[PDB]
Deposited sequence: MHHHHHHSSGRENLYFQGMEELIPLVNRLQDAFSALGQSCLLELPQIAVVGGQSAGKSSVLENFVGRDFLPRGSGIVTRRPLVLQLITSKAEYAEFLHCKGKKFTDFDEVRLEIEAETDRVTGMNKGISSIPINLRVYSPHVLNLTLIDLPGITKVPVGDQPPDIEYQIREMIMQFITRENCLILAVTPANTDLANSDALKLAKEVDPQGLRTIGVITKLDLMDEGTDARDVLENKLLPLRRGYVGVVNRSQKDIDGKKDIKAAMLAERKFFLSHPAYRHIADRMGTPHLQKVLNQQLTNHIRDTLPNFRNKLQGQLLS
């Protein structure tokens, strides 16, 4: 199992969608989603609670995730069979917050922390510490929770998103070179679709080429471009289980 841990809007769901090749997640996560990816000739999806029913429409998978959510600790089990995926089990976890919004409980931070802790305390669970690049890495809730249960970094891979959203005159070179805050497995830089790209109905195919172009064109990341991007992250997660 691979748990996606980070603050709210870190880019966790976008990472999962890139691994599928189809848009199927709602845009926020209230329950943990156990997403099993299975390499198959036939492309379809099925829910644990929705036995027998196969889904060929990924918009209907999203509506079913939305229907089942309507925070809670009981997980939603989803299996996607696809020729484009690897054999990996990922857990979409709700994002860590600090202040409750609307009719949310006041201890929501400590409930989401408790929920994540049930998954990441297990020795065979690999932690994907997702942190946006346009935030200070020392302030990462993802790294703090990962160091708590895994101090040595034996099962921690740092994920740096929103690298295209960094302020002019800055880069995350020292972070991505594993220098500012070293991890045993290091960091993998990713560039997901912006809010505009999603509303503009941009493909996951067009996202990956723009992502590869970004790392090859950036002067601060060009020298490490083959250690970057979502395909390399999928490769590293596969290389451990295989």
key: Stretches with no C-alpha atoms in the model, relative to the deposited sequence starting at 1   = 1-45, 73-76, 120-127, 300-319
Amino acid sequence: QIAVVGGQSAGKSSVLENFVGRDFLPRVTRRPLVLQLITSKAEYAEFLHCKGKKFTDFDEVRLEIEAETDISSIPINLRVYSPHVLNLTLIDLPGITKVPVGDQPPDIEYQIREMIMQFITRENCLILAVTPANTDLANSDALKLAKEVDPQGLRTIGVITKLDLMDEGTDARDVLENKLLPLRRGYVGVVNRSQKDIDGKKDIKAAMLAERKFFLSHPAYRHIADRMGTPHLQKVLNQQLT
From here on, numbers count along this sequence of modelled residues.
request  = Give the stretch, out of 95-103 and 166-174, with the larger mean C-alpha temperature factor in the deposited entry.
outcome  = 95-103
query = Can you tell me which stretch has the higher mean Cα B-factor, 196-204 or 55-63?
reply = 196-204
ask   = When you compare the CA B-factors of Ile157, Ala133, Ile71, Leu88 as listed in the entry, which one comes out on top?
value = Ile71
task = Please rank the C-alpha B-factors of the chain's modelled residues and tell me whether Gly189 sits in the lowest, middle or highest third.
result = lowest
request  = Looking at the entry's B-factor column for C-alpha atoms only, identify whether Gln36 ranks in the lowest, middle or highest third of its chain.
outcome  = lowest
query = If you rank the chain by CA B-factor, which third does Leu216 end up in: lowest, middle or highest?
reply = middle
message = Among the modelled residues of this chain, does the Cα B factor of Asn139 put it in the lowest, middle or highest third?
response = lowest
request  = Classify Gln152 as lowest, middle or highest third according to the C-alpha B-factor given in the PDB entry, relative to its own chain.
outcome  = highest
